[PDB]
Every structure is written in C-alpha cells, then in structure tokens.
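Trainee:
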Amino acid sequence: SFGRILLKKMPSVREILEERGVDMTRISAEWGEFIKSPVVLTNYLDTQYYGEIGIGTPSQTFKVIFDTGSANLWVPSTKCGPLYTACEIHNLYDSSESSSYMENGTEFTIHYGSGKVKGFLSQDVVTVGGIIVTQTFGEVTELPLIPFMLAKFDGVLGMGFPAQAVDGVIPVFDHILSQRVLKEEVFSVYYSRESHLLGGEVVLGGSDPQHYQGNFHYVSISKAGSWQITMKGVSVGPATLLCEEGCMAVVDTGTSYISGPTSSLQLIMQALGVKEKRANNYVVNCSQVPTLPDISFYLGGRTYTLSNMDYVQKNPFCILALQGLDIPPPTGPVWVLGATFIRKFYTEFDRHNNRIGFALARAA
Ligand SMILES: *[C@@H]1O[C@H](CO)[C@@H](O)[C@H](O)[C@H]1NC(C)=O
C-alpha cells in the first residue's frame, strides 16, 4: 500500500439537497450552473468521492477531490474572512501550526462551473499516498456558498497538466515524478459499485491488478496539455448516432456525470426513450429503467459499453448520469467521460507516454 490513496464515498451536494426535499428543478437551476484561462468541466455538484491528504509539519488533514480536470491544489484557509460562511463548516489550513510553511502571498483565482475560488499561494510539505512533496498550493480566502456551503469535502487536488495550472504552479504529481520514486510515471483511478459504504482507490505509480479483468488498451492524447482523447462513435443500442467524423473527449475524475453537447445529448435522449428534462439533467420513472438500451462509446478502435444500471442513479426522495454542456471553440465541442464511465472501466492516466488506458473494472 505504498502509493495508494483510499477514496471514500460521500453524499454529493445534489444528494444532500435531494435528501432535504429540494426540487430537482431548483437543484439544477441554483447549484448546477456552467458560467460563460484553463477549461472548466465541473461544478462538483455530483462528486461522490474524496481522498485524504496531509499538509504541514505536523500534517493537517484535508478531504480533497482528485480532479484530473484541474492542475491546482487548494484548501480553505484560516485567513478566510467572516463574509464567507462556507469556510465555517470545513477544515482550515493554519500556517501558524506548520514548521515547514513558507509564505508566497501572490493572489490566485480558480474558476469552476458554479463560481470562483480566490486566495493566495503558500508553500508547505504535502503527504499524498505516503509520498512527501514540497508543494505550492492555494490558501482559499473566498469560498463561495455554491456549492461549498453544503459540500462534504474541504478542497481539490488537481491531477492535470502543468499548462492547466494557475500562476504556473508545478502540480503535485509533477513533483512526485521529479523524485523518481514511482515504478511507472502513471496513476490509475478505481471507483467500486455505487453503494452506501464502498469507496474506491487512486494508485500512484501503477495499477492494482485486483481491480481489473483482462487487459488495458490505450488511447493517445489528442491535445497536448490535457487528458483529452479522440472519440470516433457514440451509440444507443446497435445504432451509431454521433461522433463518426470525430469528437474530442476529456476523461475527468472531478465530475461524476458524463457530459456532451446539449444538441448531441438531446438526440441521444430521444433515441434512448426518455422524455423528461430538468435544465441540463434528465429524469426517468424508475419502472422504465430495466427497458433502457445500452449506451456505447468508441475509443481507440474499441467499444466501451454502459448498460442501464451503469448510467442511472437511484436516490430516495431515478436520474440519468448524463447532462448537457457546451464548451465553445477554440477548446471546441467536448464530451466529458466522468466518474460514471471510470466506475465501469478502470482508467490509467499515463504521463510518460501521454496516453490513457482503459480496462474492465472489478472487485476483489
Ligand atoms: C510564488 O510562487 C510562484 C509560483 O507560482 C513563484 O514563481 C514565485 O517566485 C513565488 N513568489 C514568492 C515571492 O515567493
């Protein structure tokens, strides 16, 4: 258990609002917006998994999201003022208790779907999966209410490329690579079946052979500075409907729902046999779930199939784990294979070869 980080299941901000009796129209309209330098593919509304890291000497524990969509580490600060009530329900980084703290002070702004996180940079020791790196990270002093007033995670560990990082900060994984401690310059991400207790695993330096079956097959990165691959077909049932001419697709551990363009996804929802739409999202009567056809994605000359049980979430109060999202050019129309895709297919992110590997996930 050297370079492994146990991911733990948490109620998502949608699931917290659902359990408090909030209407599905209100949740999407007020907590799930996508506002018009690096690209945003998530609002953390549906994120269900966090890992724990330590920051400082002695180490102060934080619950963080492992987000391949971003390249920055940030956590709430004790410098976070009284105007930001969201800070008052989370763990706070206190430089006063760290002997390894070294100030920087340059301001940063990280944009995401529902809003923006502001603060200042600071250097300290960071322990992630038993590996100690000297990291520059964001001390957040302006944490917005949407969605962090109800989030069950403190902050975000970016697992993206250094080109995506704000203020040109060297990311956490890049520092781990500089140390030459890992067997491979890769990390892989496992989510187990959607249960109440069962969690997941991020492995640094390789892949856990317990959590996959058969063999990995790899797809090259098509855009240099991100986990982005060419998709050559989206199919409902036997019929291939979209992406024959070639779609860009991001594999993102940050968001759990698969994203596509609103027009392309509405076409899929028609052919799926699904009428009801709430903003970006699509709800369905739980009686008609077993009759839904399989969705498939064509990646690196192989099909990756999601069955009815893989892309639907039953919560007490059934919602499809797909949603509309239009990123404009030059970045272009993009799909996002979120954690729903990765739960089915154990994913290896490869930094040396600049490629992404997929394999059929399983339990032990
Ligand atoms: C703060 O961090 C940045 C990296 O984003 C670095 O280039 C800069 O030299 C640092 N500034 C100070 C004053 O330590």
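Residue numbering for the sequence shown follows my numbering, starting at 6 and increasing by one per position. Cβ atoms here follow ideal geometry from the backbone N, Cα and C, with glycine treated the same way.
Rounded to whole angstroms, what's the CA-CA distance from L50 to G211? Just pull it up for me.
Mentor: Each residue's Cα considered, the two are about 29 Å apart.
Trainee: So which residues put a beta carbon under 7 Å from any heavy atom of ligand 3, going in chain order?
Mentor: Among the ligands present in this structure, namely ligand 1, ligand 3 is not found.
Trainee: Thinking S75 and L97 are a contact (beta carbons under 8 Å), I'd like their distance in whole angstroms, please.
Mentor: About 21 Å separates the two Cβ atoms, so there is no contact after all.
Trainee: Expressed to the nearest angstrom, what Euclidean distance is found between the alpha-carbon atoms of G337 and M253?
Mentor: Near 8 Å, if we compare the C-alpha coordinates of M253 and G337.
Trainee: Using the three-state DSSP reduction, which class does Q184 fall into: helix, strand or coil?
Mentor: Correct three-state label for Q184: coil.
Trainee: If I measure Cβ to Cβ from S64 and keep anything under 8 Å in the same chain, skipping five residues before and after, which residues do I get?
Mentor: Closer than 8 Å at the Cβ level, and outside the excluded window around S64, lie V130 and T132.
Trainee: Per DSSP, which residues does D72 bridge with? Please list them.
Mentor: Per DSSP, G163.
Trainee: Taking just the CA atoms, how far does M154 sit from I60?
Mentor: So the two alpha carbons sit approximately 22 Å from each other.
Trainee: Taking contact to mean at least 3 C-beta pairs separated by less than 8 Å, is the segment 140 to 147 in contact with the segment 84 to 91?
Mentor: Contact between the segment 140 to 147 and the segment 84 to 91 is present, because at least three Cβ pairs lie under 8 Å.
Trainee: Which residue's Cα is closest to the Cα of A326: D315, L203, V191 and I40?
Mentor: Closest by alpha carbon: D315.
Trainee: Mind checking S6: buried by the 16 CB within 10 Å criterion, or exposed?
Mentor: Its Cβ having fewer than 16 others within 10 Å, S6 is exposed.
Trainee: How would you label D159, buried or exposed, when you count the other beta carbons within 10 angstroms and need 16 or more for buried?
Mentor: By the neighbour-count rule (16 or more Cβ atoms within 10 Å), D159 is buried.
Trainee: Would you kindly work out how many angstroms separate the C-alpha atoms of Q215 and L209, rounded to a whole number?
Mentor: Each residue's alpha carbon lies about 15 Å from the other.
Trainee: Spell out the partners DSSP gives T141 in its beta bridges.
Mentor: In the DSSP output, where bridge partners are listed per residue, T141 has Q128.
Trainee: Would you mind reading off the limits of the beta strand (DSSP E) that contains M274?
Mentor: No beta strand (DSSP E) holds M274; the alpha helix (DSSP H) holding it covers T267 to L277.
Trainee: How about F71 and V279: are their beta carbons less than 8 Å apart?
Mentor: Cβ distance not < 8 Å, so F71 and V279 don't count as in contact.
Trainee: Measure how close the beta-carbons of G238 and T245 come, nearest whole angstrom, since I'm counting them as under 8 Å.
Mentor: Right, their Cβ atoms sit about 5 Å apart.
Trainee: Hey, quick one: how far does the alpha helix (DSSP H) through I32 stretch, first residue to last?
Mentor: Unbroken alpha helix (DSSP H) run through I32: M29 to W36.
Trainee: Can you tell me the Cβ-Cβ gap for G362 and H222, rounded? I've got them flagged as a contact below 8 Å.
Mentor: Yes, they are in contact, since the Cβ atoms of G362 and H222 sit about 7 Å apart, within 8 Å.
Trainee: Determine the extent of the alpha helix (DSSP H) in which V341 is found, giving its start and end residues.
Mentor: Unbroken run through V341 is the beta strand (DSSP E), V339 to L342; no alpha helix (DSSP H).
Trainee: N77 to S292, Cα distance in whole Å?
Mentor: Spanning the two alpha carbons is a distance of roughly 43 Å.
Trainee: Classify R198 as helix, strand or coil using the three-state DSSP reduction.
Mentor: Three-state result, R198: coil.
Trainee: Quick one: is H201 buried, meaning 16 or more other Cβ sit within 10 Å of its Cβ, or exposed?
Mentor: The residue is exposed, with fewer than 16 neighbouring Cβ atoms inside 10 Å.
Trainee: Using 8 Å for Cβ pairs, my map puts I263 next to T345. What's the rounded Cβ distance?
Mentor: At roughly 6 Å, the Cβ-Cβ gap stays under 8 Å, so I263 and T345 are in contact.
Trainee: Does the pairing of the segment 118 to 126 with the segment 34 to 49 give three or more beta-carbon distances under 8 Å?
Mentor: The answer is yes - the segment 34 to 49 touches the segment 118 to 126, with three or more Cβ pairs under 8 Å.
Trainee: Alpha carbon to alpha carbon, how far is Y309 from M236? Give it in angstroms, no decimals.
Mentor: Cα-Cα distance, rounded: 11 Å.
Trainee: Quick check on this structure: which residue in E23, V191, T47 and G242 has the alpha carbon closest to the alpha carbon of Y303?
Mentor: The shortest C-alpha separation from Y303 is found at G242.
Trainee: Leaving out five residues before and five after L270 in sequence, what residues of the same chain have Cβ atoms less than 7 Å from its Cβ?
Mentor: Hits under 7 Å: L327 and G329.
Trainee: Could you check the C-alpha separation between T260 and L150 for me, to the nearest Å?
Mentor: Approximately 19 Å, taken between the alpha carbons.
Trainee: Closest by CA to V44, which one among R360, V339 and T352?
Mentor: Comparing Cα-Cα distances from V44 to each of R360, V339 and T352, the minimum goes to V339.
Trainee: With a cut-off of 8 Å on the beta carbons, I'd call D299 and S312 a contact; round off their distance for me.
Mentor: 5 Å between Cβ atoms; contact.
Trainee: Whole angstroms are fine: how far does the CA of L12 sit from the CA of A368?
Mentor: The straight-line gap from Cα to Cα measures roughly 15 Å.
Trainee: Can you tell me which of the three DSSP states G173 falls into?
Mentor: In this structure, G173 counts as helix in the three-state DSSP scheme.
Trainee: Could you check how far apart the C-beta atoms of residue 2 and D257 are, in whole angstroms? I think they sit under 8 Å.
Mentor: No answer is possible for residue 2: it lies beyond the span of the chain, which begins at 6 and ends at 369.
Trainee: Within the continuous beta strand (DSSP E) that includes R307, where are the two ends?
Mentor: Note, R307: beta strand (DSSP E), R307 to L311.
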